[PDB]
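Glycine also receives a Cβ, built like all others from the backbone with ideal geometry; neighbour counts cover every protein chain displayed. Read the figures in this text as sums done on the coordinates, not as results from a lab.
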There are 4 protein chains.
Amino acid sequence: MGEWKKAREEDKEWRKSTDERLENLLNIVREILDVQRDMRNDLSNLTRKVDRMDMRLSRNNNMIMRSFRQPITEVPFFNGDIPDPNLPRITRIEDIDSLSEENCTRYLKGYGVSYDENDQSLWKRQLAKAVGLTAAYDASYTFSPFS
Amino acid sequence: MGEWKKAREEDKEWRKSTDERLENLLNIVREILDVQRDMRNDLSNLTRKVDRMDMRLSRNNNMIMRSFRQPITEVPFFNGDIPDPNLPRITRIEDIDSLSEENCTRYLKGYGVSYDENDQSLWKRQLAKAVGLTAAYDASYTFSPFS
Amino acid sequence: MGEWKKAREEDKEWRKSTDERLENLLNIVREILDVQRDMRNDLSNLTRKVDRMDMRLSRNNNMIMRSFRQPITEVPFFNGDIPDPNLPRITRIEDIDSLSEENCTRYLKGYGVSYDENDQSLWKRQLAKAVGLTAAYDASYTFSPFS
Amino acid sequence: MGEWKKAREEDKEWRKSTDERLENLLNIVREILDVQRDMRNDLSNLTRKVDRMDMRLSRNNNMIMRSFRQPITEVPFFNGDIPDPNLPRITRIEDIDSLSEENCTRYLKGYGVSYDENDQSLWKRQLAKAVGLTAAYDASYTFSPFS
């Protein structure tokens with residue numbers, strides 16, 4: 001029964017080792033969870049950045065392309081998707097100049113560029129400058145007012 | 001034997017703490033597994049997007065380059081690899097205009113652009129517009145029919 | 001009581017299995033923590049590299065664009081942010097040639113290009129060459145000295 | 001003592017639950033380690049691919065830029081670093097045509113393009129075609145032999 005008691009004691013000490021290692025597991029996996037959280041945030045960051053750059057290069061290439069009387073191409077949205085396929089694809093300036101106002105706002109949202117709710121006068125120009133309609137004729141043309 | 005009994009009980013309570021911490025490990029590592037699943041999905045997303053943009057810029061640069069009677073360069077596939085090295089590299093328009101139909105379909109698949117199985121007439125033009133053959137002569141040239 | 005003793009021993013052996021598996025958990029999660037550390041370092045690396053390339057392409061595109069008397073666009077910083085919005089956006093060369101010295105240093109820091117604290121004479125030219133002011137007139141123009 | 005015995009057995013069964021959950025931890029963290037291994041491989045893949053594309057676009061842009069008698073820019077290596085800063089930066093064709101042979105080999109390695117150890121005659125041309133020296137004069141010029 002003595003040996004039972006000492007054995008008992010060692011057991012409890014064994015319990016303590018077990019317990020502290022279990023705590024080791026607890027905190028280590030806590031740090032792992034936090035690290036994975038922050039990596040996920042980092043990856044979200046990188047996704048936003050790649051999509052941004054995509055929009056940028058598509059635009060700037062339409063820009064040069066416009067100098068040769070060549071049609072422009074579609075442009076992705078600040079989040080990556082192709083625009084709402086009900087929303088008319090864009091090819092030249094009068095296409096814009098004929099668009100509806102709500103669609104103009106939709107677009108302006110699609111390119112992440114902020115406008116004023118009252119100054120219609122700058123919507124068309126700023127949208128042009130967003131997609132890349134930049135040629136000399138693109139400057140000399142005059143936008144029409146809405147209905 | 002009394003002390004044995006109370007000791008026994010404490011052991012059992014100790015068991016309960018052990019058990020609930022073990023459950024802590026279980027669910028925390030479950031969330032970690034799910035988070036890693038997600039992250040993997042996110043990274044797949046980012047890979048697709050980077051490859052996409054790669055194709056886009058290669059094309060658009062061949063586009064400008066075509067304006068100066070300069071040869072075009074090879075173009076990656078929507079998934080990144082170089083094309084099937086048995087598939088003839090592309091340098092100018094007649095190269096396409098001499099290609100076999102099955103190879104045309106192969107290409108059209110390689111650039112992720114959908115065509116119609118019956119309208120051969122638009123394959124060549126749409127492939128051109130995919131790689132970047134855009135010059136004025138590129139418009140004035142007439143494609144030949146297949147064999 | 002015999003059976004108690006042998007049973008006791010078995011449990012001790014059972015304890016050893018438990019212990020070694022716990023060590024298995026310990027070292028495996030250690031390696032996981034290290035692997036996540038190094039992945040985080042890798043991702044930081046990739047972020048720096050993507051931002052770098054972003055700056056590069058923005059610049060080089062302003063470069064071509066300058067050949068056609070077309071205005072330049074803003075440029076990101078070596079770390080990604082848009083410049084200090086109090087810091088005047090840049091459109092052409094005289095804009096620089098009118099800037100204050102401390103702002104020049106700020107910029108030069110923003111583009112990660114090193115200069116000399118005494119040789120003011122090369123600041124303006126090197127900043128130009130950093131953003132892309134490259135045209136023939138951009139070479140023939142003479143910078144003004146500071147106040 | 002009866003109750004001691006039954007209690008003892010339940011404990012043993014409790015041990016079995018503990019053991020199988022521990023195995024649950026073992027294999028689940030094994031899969032996690034493998035998944036992280038493979039993600040690391042995937043990320044290495046993505047790094048190589050982004051650097052590749054970087055080299056590609058830098059080159060192709062020097063290509064167009066060459067058509068206007070404009071100086072070329074430095075080019076990254078297949079692994080991302082800037083070249084050995086003791087290795088002379090490249091600006092035009094005669095710069096190459098004056099280079100040492102070992103430096104030529106160094107370069108050819110820097111751009112991941114394979115050459116023949118005996119045919120010196122194609123080194124210079126292929127290096128040109130690697131960086132982008134593409135203009136009509138770039139074709140009409142004749143390379144000089146080594147010392």
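Here are the numbers:
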item	result
Condition check for A:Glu9: within 12 Å of chain B (Cβ to nearest Cβ) and either aromatic (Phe, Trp, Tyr) or closer than 24 Å to B:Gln36 by Cβ (or both)	no
The range B:46-55, residues that are at the interface with chain A (Cβ under 7 Å from one of its Cβ atoms), out of contact with any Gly (no Cβ under 8 Å at 6 or more places or on another chain) and not β-branched (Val, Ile, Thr)	B:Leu46, B:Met53
The lone exception for C:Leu43 - which of (1) in contact with an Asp or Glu (Cβ under 7 Å, 6 or more places away or on another chain); (2) more than 9 Å from chain A (Cβ to nearest Cβ) it fails	(2)
Condition check for D:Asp19: among the charged types (D, E, K, R), within 20 Å of A:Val50 (Cα to Cα) and either at the interface with another protein chain (Cβ under 8 Å from one of its Cβ atoms) or in contact with a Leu (Cβ under 9 Å, 6 or more places away or on another chain) (or both)	no
Failed item, numbered, when B:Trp123 is tested on (1) in a helix (DSSP H, G or I); (2) out of contact with any helix residue (DSSP H, G or I) (no Cβ under 6 Å at 6 or more places or on another chain)	(2)
Yes/no for B:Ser114 being out of contact with any helix residue (DSSP H, G or I) (no Cβ under 7 Å at 6 or more places or on another chain), of a type in the set (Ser, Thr, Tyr), within 14 Å of chain A (Cβ to nearest Cβ) and closer than 25 Å to B:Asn45 by Cα	yes
Cβ pairs under 7 Å, 6+ apart, first in the range D:87-111 and within 18 Å of D:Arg59 (Cα to Cα), second among the aromatic types (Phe, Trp, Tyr) and part of a helix (DSSP H, G or I)	D:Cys104/D:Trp123; D:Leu108/D:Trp123
Breaking point among (1) in contact (Cβ under 8 Å) with a residue 24 or more places away in the chain; (2) in contact with a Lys or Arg (Cβ under 6 Å, 6 or more places away or on another chain), for B:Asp51	(2)
Failed item, numbered, when D:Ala130 is tested on (1) within 22 Å of C:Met53 (Cα to Cα); (2) in a loop (DSSP other than H, G, I, E, B); (3) not acidic (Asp, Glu)	(2)
Residue list for the range B:98-147, restricted to those being among the hydroxyl-bearing types (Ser, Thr, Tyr) and either surrounded by 13 or more Cβ atoms within 10 Å (Cβ to Cβ) or under 16 Å from B:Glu74 (Cβ atoms) (or both)	B:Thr105, B:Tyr107, B:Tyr111, B:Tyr115, B:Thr134, B:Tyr141
Unique match (being among the aliphatic types (A, V, I, L, M) and more than 10 Å from chain B (Cβ to nearest Cβ)) among D:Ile28, D:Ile32, D:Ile64, D:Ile90	D:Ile90
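Listed here are the residues, each with its yes/no results for (1) more than 28 Å from the chain's Cα centre (by Cα); (2) of a type in the set (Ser, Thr, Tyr); (3) surrounded by 17 or more Cβ atoms within 10 Å (Cβ to Cβ).
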{"position": "C:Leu22", "(1), (2), (3)": "yes, no, yes"}
{"position": "C:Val29", "(1), (2), (3)": "yes, no, yes"}
{"position": "C:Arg48", "(1), (2), (3)": "no, no, no"}
{"position": "C:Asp51", "(1), (2), (3)": "no, no, yes"}
{"position": "C:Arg59", "(1), (2), (3)": "no, no, yes"}
{"position": "C:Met63", "(1), (2), (3)": "no, no, yes"}
{"position": "C:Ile72", "(1), (2), (3)": "no, no, yes"}
